[PDB]
Amino acid sequence: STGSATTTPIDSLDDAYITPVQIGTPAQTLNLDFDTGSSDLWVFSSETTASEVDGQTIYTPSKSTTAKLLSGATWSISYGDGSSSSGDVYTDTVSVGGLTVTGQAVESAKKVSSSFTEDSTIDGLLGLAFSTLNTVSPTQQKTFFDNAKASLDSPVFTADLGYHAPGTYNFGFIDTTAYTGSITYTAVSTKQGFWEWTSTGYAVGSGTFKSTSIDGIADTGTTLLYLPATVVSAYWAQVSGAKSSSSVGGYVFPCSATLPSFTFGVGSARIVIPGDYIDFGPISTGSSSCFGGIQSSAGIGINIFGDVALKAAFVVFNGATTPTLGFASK
Ligand code: NA
């Protein structure tokens, strides 16, 4: 089997991407944030505290003929941005892009933090990291990918995120028309439960490539590119008037600037992030200070290749017995 679903930016900055997901019988379609940096599939629901729901579409298990309470199971998760959610668990039928899993754990939110309530466009998350990070207790649950895997034509999914445009998540096949050149595969460590890999270095603009190992994760649920402070300072030093602002919470730059590209290494291959991808616009409405898309990872404890980096590539998440990542230009 295979599945193919379009993923759409939630706003004009590509802050996140939503993908429609069918849950239950008859189908209830919710727009989920597919997150390769977490392992829970959780949704706004008929159980979510009413004051914490503001425009989201909810899952109502009582209206699904295939829903069953997973008795005694609870979940609670905290993300890198300080947001959180928690609740109870149902099993139900879940379909993505025509690929169906029966008996998927659907984690129903009783509580969500303010950042979730305030984002009316995101109805929940669908985690695609390794199932060792799933928060369900006392019986840990599998991701949608892990449950689908054995049915898939190939044990893979691909992320093809757009810049200011829709893109695609495919399950079970490589679309050889969706990229240019060849795919370069690189080793993955699953020790921390993430799609963790080592980039071979970077360049700023037309500058020379610096060969240096950068361990980090491929995370579709993170908007920005978080890298070591040395790398990030080297980038922003090429932008006149750029500075790190403790008041704003990262590097800002004059909105009048033209940003340089950023290149990262994948083995002997190179992925180029155009400068435009690194502009996240005014810090507040009407400001002439713009927020940068490359930020320091210092204090986060891991480097994160988030959407700024991933949307410059066709990315293969190879879930074979020995997992690997693949990157191609597009
Ligand atoms: Na922000």
Side-chain angles (χ1 to χ4, degrees), residues 13-16 35-38 78-83 129 186-189 192-242 244-255 257-267 269-284 287 289-313 315 325 327:
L13 293 181
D14 299 344
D15 282 316
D35 182 10
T36 64
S38 69
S78 298
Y79 297 105
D81 65 353
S83 64
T186 198
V188 163
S189 173
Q192 296 191 89
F194 298 122
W195 293 92
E196 188 171 2
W197 65 289
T198 303
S199 171
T200 52
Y202 70 99
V204 174
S206 60
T208 60
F209 185 83
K210 177 72 167 178
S211 289
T212 185
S213 292
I214 304 172
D215 292 348
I217 66 166
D219 185 2
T220 58
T222 293
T223 313
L224 306 185
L225 174 54
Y226 297 86
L227 291 175
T230 48
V231 176
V232 174
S233 181
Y235 178 78
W236 289 106
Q238 296 305 313
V239 178
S240 178
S244 182
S245 172
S246 54
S247 46
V248 175
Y251 282 89
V252 295
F253 68 95
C255 297
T258 309
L259 296 181
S261 66
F262 184 86
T263 301
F264 64 93
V266 183
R270 306 290 178 251
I271 302 290
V272 180
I273 305 171
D276 283 357
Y277 292 26
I278 297 163
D279 177 11
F280 278 75
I283 60 170
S284 300
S287 179
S289 186
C290 278
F291 196 67
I294 297 178
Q295 296 293 349
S296 177
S297 62
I300 307 168
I302 201 155
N303 300 306
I304 306 171
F305 290 87
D307 297 336
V308 162
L310 303 179
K311 76 193 181 178
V315 187
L325 285 162
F327 291 82

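Note: hydrogens, waters and symmetry copies are ignored here, and every other heavy atom, side chains too, is used. The residues of the chain are indexed from 1 along the displayed sequence.
- Residues in residues 203-219 take part in these side-chain hydrogen bond (donor to acceptor under 3.5 Å, both in side chains) pairs, two or more places apart or across chains: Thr198-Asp215, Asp219-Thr222.
- At least one donor-acceptor pair under 3.5 Å links the side chain of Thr36 to the backbone N or O of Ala218.
- No side-chain donor from either of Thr223 and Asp15 sits under 3.5 Å from a side-chain acceptor of the other.
- In terms of heavy-atom proximity, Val272 sits nearest to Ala312 at O-CB, 3.7 Å.
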Test log, rule side chain to side chain contact (heavy atoms under 4.5 Å, CB included), inputs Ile302 and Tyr226: CA-CA 8 Å; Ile302 201 155; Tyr226 297 86; over 6 Å; no

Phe327/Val315 under side chain to side chain contact (heavy atoms under 4.5 Å, CB included): CA gap, chis, key distance, verdict: CA-CA 5 Å; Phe327 291 82; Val315 187; 4.0 Å; yes

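- For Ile214 against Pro228, the heavy-atom pair with the smallest separation is CG2-CD, 4.1 Å.
- Pairing each heavy atom of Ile278 with each of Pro260, the nearest pair is CD1-O, 3.8 Å.
- Nearest approach of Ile294 to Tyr251, heavy atoms of both residues: O-CB, 4.4 Å.
- Taking the six-membered ring where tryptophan is involved, the planes of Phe262 and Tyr202 are essentially parallel, since the angle between them stays under 30° and well short of 60°.
- Taking each heavy atom of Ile300 and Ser296 in turn, the nearest pair found is CD1-O, 4.0 Å.
- When all heavy atoms are compared, the tightest approach of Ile217 to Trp197 is C-NE1, 4.1 Å.
- Counting only N and O atoms by type, the side chains of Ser245 and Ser247 include a donor and acceptor under 3.5 Å apart.
- Taking 4.5 Å as the limit, some side-chain heavy atom of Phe280 sits within range of a side-chain heavy atom of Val308.
- Taking CZ of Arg270 as the start and CZ of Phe209 as the end, the distance is 3.5 Å to the nearest 0.5 Å.
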Verdict with reasoning, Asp307 to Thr220, per side chain to side chain contact (heavy atoms under 4.5 Å, CB included): CA-CA 6 Å; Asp307 297 336; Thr220 58; 4.1 Å; yes

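- Rounding to the nearest 0.5 Å places CD of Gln295 at 7.0 Å from CH2 of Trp236.
- If you run side chain to side chain contact (heavy atoms under 4.5 Å, CB included) between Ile273 and each of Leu225, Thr263, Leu310, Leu259, only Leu225 comes through.
- One finds the CG atom of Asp279 at 11.5 Å from the CZ atom of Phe291 (value rounded to the nearest 0.5 Å).
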Verdict with supporting geometry, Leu227 and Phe305, side chain to side chain contact (heavy atoms under 4.5 Å, CB included): CA-CA 8 Å; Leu227 291 175; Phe305 290 87; 4.0 Å; yes

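- Separation of atoms CZ (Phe194) and OG (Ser38) is listed at 8.5 Å; rounding is to 0.5 Å.
- Atoms OG and CD1, from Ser199 and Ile271 in turn, are 10.0 Å apart once rounded to the nearest 0.5 Å.
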